[PDB]
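Read through the structure below, which is laid out as structure tokens, and then see the notes.
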Amino acid sequence: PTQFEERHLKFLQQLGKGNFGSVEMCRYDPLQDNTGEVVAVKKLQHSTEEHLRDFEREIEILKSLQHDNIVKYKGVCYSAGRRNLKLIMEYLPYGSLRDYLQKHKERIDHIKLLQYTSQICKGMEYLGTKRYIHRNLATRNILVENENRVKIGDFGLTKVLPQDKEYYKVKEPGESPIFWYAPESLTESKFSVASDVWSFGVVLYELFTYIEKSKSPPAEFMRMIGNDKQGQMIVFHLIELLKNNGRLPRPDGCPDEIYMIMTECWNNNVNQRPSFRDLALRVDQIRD
Ligand SMILES: O=C(Nc1ccc(-c2ccnc(Nc3ccc(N4CCOCC4)cc3)n2)cc1)[C@H]1CCCN1
């Protein structure tokens, strides 16, 4: 059931749009009926040949993944009479963990936060087994299936390690989520499981802020660097702050033991950052 016909793939709702991609909720009814299944469809926006090649790689990555905490691949639609490509995924009703945390604060306490943490770690452990580097871990990129299950959604930025190295060097990017980046990613464009672990620390910070507006990583880092500055000088200041131990603060209400996990992920010493496997084991112990 891996190939979906464009004639039966009906638009329902916008789910998230960027400069280079869009995801929509759609209904797939091939028995032309109503019983058809609801899916999520990712398509490029402002597509180029190079972006299409990248998208094919992103599709093959998601298809290669089978895990409870990773959005389920369903197939591809070769749309415009088989002259274009769209990616078909399962549909997750509850949106992004960022939006969910903000809307449903009153049924989320600390143990629930840590249940999400743990599930994120486990998806990340699984990604590690395929030598994939996510490069974009953020609560906006984590999806909520139900109150008991979250899933890493979006592999737009994901790279596969060379078979002979432990790091991937990106030259290209331009625009990047700099406030979630490890310092060597900012300085050297080097990406690794260790840099994913750094980003994971920032995700843990996001959770314990419960998405209160002025507590976001960009809001905080810009407070710290000076919310006056503009263009490159922002990145200059961020690198300098990080290299010399400026860090996000402990959120209000966050236990020491949980902030400590964050600060250990935020190690400038790449080789001393914890593994996703020891993070899962730690978090699971704090949860009991
Ligand atoms: O948005 C992105 N990626 C993305 C990846 C996967 C999904 C996805 C895959 C499966 N289910 C859902 N569910 C979902 C349900 C509701 C909502 N919302 C959106 C607005 O408010 C209602 C809840 C968002 C996602 N979303 C959504 C977006 C990336 C690519 C374009 C820009 N940034």
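Residue numbers start at 1 and run along the sequence shown.
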Check the hydrophobic clustering (I, L, V, M, F, W, Y; side-chain heavy atoms under 4.5 Å; chains of links allowed) and say if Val283 and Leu97 are grouped together.
yes
Nearest 0.5 Å please: distance from the OH atom of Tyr205 over to the OG atom of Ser199.
15.0 Å
Does any part of the side chain of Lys190, heavy atoms only, come nearer than 4.5 Å to the side chain of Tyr168, both counted from C-beta?
no
Using a 3.5 Å distance criterion without hydrogens, assess whether the side chain of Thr263 forms a donor-acceptor pair with backbone atoms of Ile261.
no
Are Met224 and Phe236 connected into the same hydrophobic cluster when the rule is that any two of I, L, V, M, F, W, Y join if their side-chain heavy atoms are below 4.5 Å apart?
no
Please walk me through it: do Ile152 and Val71 pass side-chain contact (heavy atoms from CB on, under 4.5 Å)?
CA-CA 6 Å; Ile152 307 161; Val71 70; over 6 Å; no
Can you find a pair of side-chain heavy atoms, one from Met89 and one from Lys72, that are under 4.5 Å apart?
no
Tell me, with the steps shown, if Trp180 and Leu137 meet side-chain contact (heavy atoms from CB on, under 4.5 Å).
CA-CA 8 Å; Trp180 280 254; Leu137 232 23; 5.9 Å; no
Donor-acceptor pair, distance only, cut-off 3.5 Å: does the side chain of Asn227 make one with the backbone of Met222?
no
Quick one: does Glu24's side chain have a donor or acceptor within less than 3.5 Å of a partner on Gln13's backbone?
no
Heavy-atom check, side chain of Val144 versus side chain of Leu92, under 4.5 Å:
no
Please confirm whether the backbone N or O of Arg135 pairs with a side-chain atom of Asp196, one donor and one acceptor, at under 3.5 Å?
yes
Test applied, side chain to side chain contact (heavy atoms under 4.5 Å, CB included); reference residue, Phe4; option that passes from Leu87, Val41, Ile88
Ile88
Taking CD in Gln66 as the centre, count heavy atoms belonging to other residues, nucleotides or ligands within less than 6.0 Å. Is the count above 12?
no
Over 12 foreign heavy atoms within 6.0 Å of CG, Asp252
no
If every non-hydrogen atom of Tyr132 is compared with every non-hydrogen atom of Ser64, which pair is closest and at what distance?
OH-OG, 2.6 Å
Counting only heavy atoms not in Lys229 (residues, nucleotides, ligands), do more than 12 fall under 6.0 Å from its NZ?
yes
Using the salt bridge (charged side-chain N to carboxylate O under 4.0 Å, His left out) rule, collect all pairs that involve residues 267-288, keeping only residues at least two apart or in two chains.
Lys122-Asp284, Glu184-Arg273, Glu264-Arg282, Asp284-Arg287
Please examine the side chains of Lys43 and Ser22, heavy atoms only from C-beta on, and report whether any two atoms are closer than 4.5 Å.
yes
As an exercise, state the distance from CD1 of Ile70 to OH of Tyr126, rounded to the nearest 0.5 Å.
8.0 Å
Would you mind checking if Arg131 and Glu166 are paired as a salt bridge, meaning a charged N to carboxylate O distance below 4.0 Å?
yes
Would a 4.5 Å heavy-atom cut-off, applied to side chains only, mark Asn268 and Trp198 as touching?
yes
Report, as yes or no, whether the 6.0 Å neighbourhood of atom CG on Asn19 holds more than 12 heavy atoms from other residues, nucleotides or ligands.
no
Heavy-atom pair of closest approach, residues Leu242 and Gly246
CD2-O, 3.4 Å
Roughly how far, to the nearest 0.5 Å, is CG of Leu143 from CZ of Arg140?
9.5 Å
Result for ring pair (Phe, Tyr, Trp, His ring centres under 6.0 Å) between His134 and one of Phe155, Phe191, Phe276 points to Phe155
Is there a side-chain contact between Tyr94 and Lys103 in this structure, where contact means two heavy atoms from C-beta onward sitting under 4.5 Å apart?
no
Would you say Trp266 and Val270 are hydrophobically clustered, going by side-chain heavy atoms of ILVMFWY under 4.5 Å?
no
Closest heavy-atom pair, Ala40 versus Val23, reported as atoms and distance to 0.1 Å, is CB-CG1, 4.2 Å
How about CZ on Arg57, more than 12 heavy atoms from neighbouring residues, nucleotides or ligands closer than 6.0 Å, or not?
no
Ignoring hydrogens and angles, tell me if any N or O in the side chain of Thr209 forms a donor-acceptor pair with the backbone of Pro251 under 3.5 Å.
no
Heavy atoms of other groups near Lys169 NZ, more than 12 under 6.0 Å
yes
Output yes when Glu212 and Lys215 qualify as a salt bridge under the 4.0 Å nitrogen-oxygen rule, no when they do not.
no
Count I, L, V, M, F, W, Y as connected when their side-chain heavy atoms are under 4.5 Å apart, and connections chain through other members. Are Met233 and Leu186 then in the same cluster?
no
Hey, could you give me the NZ/SG distance between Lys10 and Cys26, rounded to the nearest 0.5 Å?
10.5 Å
Any carboxylate oxygen within less than 4.0 angstrom of a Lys/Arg side-chain nitrogen, looking at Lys151 and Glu90?
yes
Answer yes when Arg149 and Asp68 have at least one side-chain N-carboxylate O distance shorter than 4.0 Å, and no when they do not.
yes
Without swapping roles, check the side chain of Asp154 against the backbone of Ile142 for a donor-acceptor pair under 3.5 Å.
no
Would you say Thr117's side chain and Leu113's backbone share a donor-acceptor pair under 3.5 angstrom?
yes
Quick check: are there more than 12 heavy atoms from other residues, nucleotides or ligands sitting under 6.0 Å from CD of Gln285?
yes
Heavy-atom pair of closest approach, residues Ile225 and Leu241
CG2-CD1, 3.9 Å
Worked verdict on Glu6 versus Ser79 for side-chain hydrogen bond (donor to acceptor under 3.5 Å, both in side chains)
CA-CA 5 Å; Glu6 88 184 293; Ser79 47; 5.0 Å; no
Applying side-chain contact (heavy atoms from CB on, under 4.5 Å) to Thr158 and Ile133, what does each step give before you reach the verdict?
CA-CA 5 Å; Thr158 302; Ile133 310 308; 5.8 Å; no
Are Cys77 and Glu5 close enough that some pair of their side-chain heavy atoms sits under 4.5 Å apart?
no
Any donor-acceptor N/O pair, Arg27 side chain to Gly36 backbone, under 3.5 Å:
no
Separation between OH of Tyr91 and CG of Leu12, rounded to the nearest 0.5 Å
9.0 Å
Between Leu279 and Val197, does the side-chain contact (heavy atoms from CB on, under 4.5 Å) criterion hold? Intermediate values first, please.
CA-CA 9 Å; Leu279 289 164; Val197 168; 3.8 Å; yes
Flag if over 12 foreign heavy atoms under 6.0 Å of CD, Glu257
no
Would you say that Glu50 contacts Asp54 through its side chain, given a criterion of any heavy-atom pair below 4.5 Å between the two side chains?
yes
Check the hydrophobic clustering (I, L, V, M, F, W, Y; side-chain heavy atoms under 4.5 Å; chains of links allowed) and say if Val202 and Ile239 are grouped together.
yes
Within this structure, what is the CG-NE2 distance for the pair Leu207 and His110, rounded to the nearest 0.5 Å?
11.5 Å
Pairing of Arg53 and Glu56 as salt bridge, 4.0 angstrom limit
yes
Say whether, by atom type as modelled, one donor and one acceptor occur between the side chain of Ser185 and the main chain of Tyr181 under 3.5 angstrom.
no
Over all heavy atoms of both residues, which pair between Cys265 and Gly201 is shortest? Give the atoms and the distance, please.
CB-CA, 3.8 Å
What pair of heavy atoms forms the shortest contact from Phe208 to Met262, and how long is it?
CB-CE, 4.2 Å
Does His8 use its side chain to pair, donor to acceptor, with the backbone of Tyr28 at less than 3.5 Å?
no
